[PDB]
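Here's the structure, in structure tokens; my notes come after.
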Amino acid sequence: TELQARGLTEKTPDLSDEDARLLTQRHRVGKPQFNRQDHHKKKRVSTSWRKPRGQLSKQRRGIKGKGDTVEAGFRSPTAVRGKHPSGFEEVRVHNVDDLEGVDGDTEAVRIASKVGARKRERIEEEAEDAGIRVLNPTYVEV
Amino acid sequence: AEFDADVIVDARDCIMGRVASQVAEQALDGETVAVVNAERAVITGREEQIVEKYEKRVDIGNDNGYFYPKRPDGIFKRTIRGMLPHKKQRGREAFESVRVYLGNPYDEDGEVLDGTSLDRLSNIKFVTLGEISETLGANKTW
Amino acid sequence: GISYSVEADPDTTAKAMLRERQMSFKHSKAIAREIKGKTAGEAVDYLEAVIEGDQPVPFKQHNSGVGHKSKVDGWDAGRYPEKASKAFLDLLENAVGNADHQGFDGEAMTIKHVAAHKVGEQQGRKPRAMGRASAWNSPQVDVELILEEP
RNA sequence: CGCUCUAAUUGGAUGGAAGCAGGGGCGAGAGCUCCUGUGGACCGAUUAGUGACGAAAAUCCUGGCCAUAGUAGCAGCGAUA
RNA sequence: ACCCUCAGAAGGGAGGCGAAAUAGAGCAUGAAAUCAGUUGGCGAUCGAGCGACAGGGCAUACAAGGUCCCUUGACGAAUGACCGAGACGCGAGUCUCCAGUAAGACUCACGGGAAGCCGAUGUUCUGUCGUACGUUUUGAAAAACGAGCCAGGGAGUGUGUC
Ligand SMILES: [Cl-]
Ligand SMILES: [Cl-]
Ligand SMILES: [Cl-]
Ligand SMILES: [Cl-]
Ligand SMILES: [Cl-]
Ligand SMILES: [Cl-]
Ligand SMILES: [Cl-]
Ligand SMILES: [Mg+2]
Ligand SMILES: [Mg+2]
Ligand SMILES: [Mg+2]
Ligand SMILES: [Mg+2]
Ligand SMILES: [Mg+2]
Ligand SMILES: [Mg+2]
Ligand SMILES: [Mg+2]
Ligand SMILES: [Mg+2]
Ligand SMILES: [Mg+2]
Ligand SMILES: [Mg+2]
Ligand code: NA
Ligand code: NA
Ligand code: NA
Ligand code: NA
Ligand code: NA
Ligand code: NA
Ligand code: NA
Ligand code: NA
Ligand code: NA
Ligand code: NA
Ligand SMILES: [Sr+2]
Ligand SMILES: [Sr+2]
Ligand SMILES: [Sr+2]
Ligand SMILES: [Sr+2]
Ligand SMILES: [Sr+2]
Ligand SMILES: [Sr+2]
Ligand SMILES: [Sr+2]
Ligand SMILES: [Sr+2]
Ligand SMILES: [Sr+2]
Ligand SMILES: [Sr+2]
Ligand SMILES: [Sr+2]
């Protein structure tokens, strides 16, 4: 009748009262775009970051309004850095034997793009019975 | 013809700039001000010097223009514009909800705001806006 | 060439197309814009009048130096581009002919779509002064047409 | 951090690889990664290597394209047809 | 192929083959600049390094993100009272007490609500700062030099000795 996702889509990991605070900080605070200077002015100048090198550069000089430059103080907490917004830590899977050593109470799983439906069916069922959520589930016609 | 004014102000013997400044402040608060008896308004100082300044503003201009009002009608309306950011969104809406009138088109008498009034018994060196207008080149229509 | 930029239901439609036409692209835009919404028949007679020079085609985007015409409405500049009009007529003739074969009333169908596309140029070269030569090109145009039942 | 090719270990693909388009997640960031569509045969990861390895700029080179513009020219000549 | 159309071995339409014609002839894929048609936003009274950060309008199929608003309550850093009671000052106003109390960012809990709803993307309005970039120069937004745009190309390599 309708489309239903394989697995445990509605799963949440149990984190410490601290990690769950440091995530609710990262989400709240955030960070700026950090796109390259004048990327919007020229089409040949890409969106990917480059250090403003010019001696007179307004972004380099600090001059407020010309964007924020990449610094160490802009990082996210050591504790939460690199966690999926659900709280989960990502584990990249390519085959069924990649699911070994995974804690479904902390680590969720992300199957690669290269993997096909025949092997995806095998990884998805073996991830459900082991208690691990797949972040990119196949949607079946149920 | 018809203007739903919140506040109606009487300019009779009231120091021009000081009235204008309170009318400007109120326009930005969201009030529909209406300055009445502009002909009967006043400006302190030597008549000969106040006239020279106003006569110069009429001589000023080029192909682009610089329209300066001669009638005491608009002279008050332009002084109010000089206290409002008339080139911004907010400042245009506030200015356009302020209109100055010669005499009184209403039935209700206008109020005299605090600190604006001049004491004729204590002063002799001043001018009437209508006296400035007859010297500028207007037609006494009040 | 080009493929039809819009979709259509064969039971209620009739398609037509022009290929690599050596005419003015800029004229083909304005003619297209103007005959959109009109009936294939109302549009035929319109173009027949443009050829004779009775009804002008409003030159809205490509209007530099063009004098104003009185018969234009909502605009000032216009011209009578007869070459492209005659080409557009061949498109409307092919359209009615393809429609009547399917049982449709050709001269009674609305122009759902009409768009001109510049499918390159046919190159040339003109010998200019000082031992130099500058391009002297001709535009190759394609134009689509979809006729719908009202 | 990213690029190429070699070697060891180990993986993914016609149950659809790379590439591209649009969209989601990540890292301060260089980048990384997934989803959808297109595509229809290749593609990774770790380690240790190799280098014709990273671009916005040089009146840079080559190609392609836009504005210029339906604009100047298609009149001037003792041969005005 | 056939049929229709056309002045027509053109082109067009229908149709046929193939997994695929958007594989149909410079015919694998098909980026950018750019063009046409069209969708969302803006728009004929209004001001210009085109944006960064904040915050409102409008717009959004799924997937890959799932949060967000309000009553109330817990916690509660620096900071921090009104009113009132007493006491001073020509005066605006002040001191003492009430009290480092009420309050106070963030975070959390019970209950309640939103799913274009939260994020995010597009556009646009407001606030804030804001005269590109690279180079030359004591000093560059510069009436100092360079580029029309995009793509691809484009500069510490080799041997020998120290
Ligand atoms: Cl770091
Ligand atoms: Cl003037
Ligand atoms: Cl202003
Ligand atoms: Cl006096
Ligand atoms: Cl053209
Ligand atoms: Cl916190
Ligand atoms: Cl070096
Ligand atoms: Mg760009
Ligand atoms: Mg002209
Ligand atoms: Mg020569
Ligand atoms: Mg290995
Ligand atoms: Mg390169
Ligand atoms: Mg550079
Ligand atoms: Mg011109
Ligand atoms: Mg003759
Ligand atoms: Mg091809
Ligand atoms: Mg110098
Ligand atoms: Na004065
Ligand atoms: Na003047
Ligand atoms: Na135009
Ligand atoms: Na007209
Ligand atoms: Na008319
Ligand atoms: Na917005
Ligand atoms: Na230089
Ligand atoms: Na500069
Ligand atoms: Na200068
Ligand atoms: Na050029
Ligand atoms: Sr894929
Ligand atoms: Sr005030
Ligand atoms: Sr134009
Ligand atoms: Sr495209
Ligand atoms: Sr190189
Ligand atoms: Sr051209
Ligand atoms: Sr002649
Ligand atoms: Sr000549
Ligand atoms: Sr066909
Ligand atoms: Sr200005
Ligand atoms: Sr406290």
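With ideal geometry, Cβ positions are generated from the backbone for all residues, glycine too; neighbour counts draw on all protein chains shown. Please treat every number below as a calculation from the coordinates, not as lab data.
Size of chain C from its Cα atoms: along the principal axes, largest to smallest, the extents are 62, 37, 23 Å.
Here the Gaussian network model covers chain A, with springs between Cα atoms less than 10 Å apart; of A:24, A:12, A:69, A:69 fluctuates the most.
Put a dot 7 Å past the Cα of residue C:118, heading toward its Cβ, do the same for residue B:123, and the two dots end up 7.0 nm apart.
Using the alpha-carbon atoms, what tilt in degrees (0 to 90, nearest 10) does helix C:82-99 show relative to the longest principal axis of chain C? It works out to around 20 degrees. Taking Cα centre as origin and charging only the Cβ of basic (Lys, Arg, +1) and acidic (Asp, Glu, -1) residues, the dipole magnitude of the protein assembly as shown rounds to 3780 debye.
So what's Rg/Rh here for the protein assembly as shown, counting alpha carbon atoms and using the Kirkwood radius for Rh?
On the Cα set of the protein assembly as shown, Rg over Rh gives 1.19.
Between rounded, prolate and oblate, where does the range A:1-85 land on the alpha carbon gyration tensor, with a ≥ b ≥ c its root eigenvalues, rounded for a/c under 1.5, else prolate if a/b exceeds b/c? The shape class here is oblate. Legend: translational diffusion of the range A:80-142 by Stokes-Einstein, Rh = Kirkwood radius over C-alpha pairs, 37 °C, 0.692 mPa s; D = 272 µm²/s. Whole-Hz Karplus values for the range B:89-95 come out as 4, 3, x, 7, 4, 6, 5 Hz, taken residue by residue from phi with 6.51 cos²θ - 1.76 cosθ + 1.60 and θ = phi - 60°; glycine and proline positions read x. Based on DSSP H segments of at least four residues, each scored -39500 (n - 2.57), chain A has a per-residue ellipticity at 222 nm of -5000 deg cm²/dmol.
Remark: spin-label model distance residue A:25-residue C:64 equals 6.0 nm, labels positioned 7 Å along the Cα→Cβ axis. Scaled to the globular estimate 2.2 N^0.38 Å, the Cα spread of the range C:43-104, given as radius of gyration, is 1.34.
Of the DSSP H helices in chain B, those that are both long (alpha-carbon extent of 15 Å or more along the helix axis) and hydrophobic (Kyte-Doolittle mean at least -0.5) are B:16-29. How big is the dipole moment of chain B about its Cα centre under a simple scheme where the beta carbon of each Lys and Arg is +1, that of each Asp and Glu is -1, and everything else is neutral? Debye, nearest 20, please. Here the size comes out at about 740 debye. Counting only residues at least eight positions apart within a chain, or on another chain, the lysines with an alpha carbon under 17 Å from that of residue A:64 are A:31, A:51.
Please find the FRET efficiency linking residue A:18 to residue A:40, where r is the Cβ-Cβ separation and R0 is fixed at 41 Å, and quote it to the nearest 0.05.
So, using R0 = 41 Å, E works out to roughly 0.55.
In terms of its C-alpha gyration tensor, the range C:75-150 comes out prolate, because a/c is 1.5 or above and the ratio a/b outweighs b/c. Straight-line reach from residue B:77: taking Cα to Cα under 26 Å and skipping same-chain neighbours fewer than 8 places apart, the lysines in range are B:53, B:56, B:87, B:88, B:125, B:140. Across all directions, the shadow cast by the convex hull of chain B built on its C-alpha atoms averages 9.4 square nanometres.
If I fit a long axis through the Cα atoms of helix A:19-29 and take the longest principal axis of the Cα atoms of chain A, what angle between them do I get, 0 to 90°, rounded to 10? So the inclination is approximately 40 degrees.
A simple spin-label model places the labels of residue C:82 and residue A:81 7.8 nm from each other, with each point 7 Å out along Cα-to-Cβ.
Counting neighbouring Cβ atoms within 10 Å and putting the fewest first, the residues C:28, A:86, C:3 line up as C:3, A:86, C:28. For chain A, the longest principal axis of the alpha carbon atoms and the long axis of helix A:117-128 meet at an angle near 80°. Under the classification rounded if a/c is under 1.5, otherwise prolate if a/b is larger than b/c and oblate if not, where does chain A fall, given a ≥ b ≥ c as square roots of the Cα gyration tensor eigenvalues? Judged from the Cα gyration tensor, chain A comes out prolate (a/c at least 1.5, a/b above b/c). Counting only residues at least eight positions apart within a chain, or on another chain, the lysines with an alpha carbon under 26 Å from that of residue C:38 are C:15, C:26, C:29, C:60, C:69, C:71, C:83, C:86, C:112, C:118.
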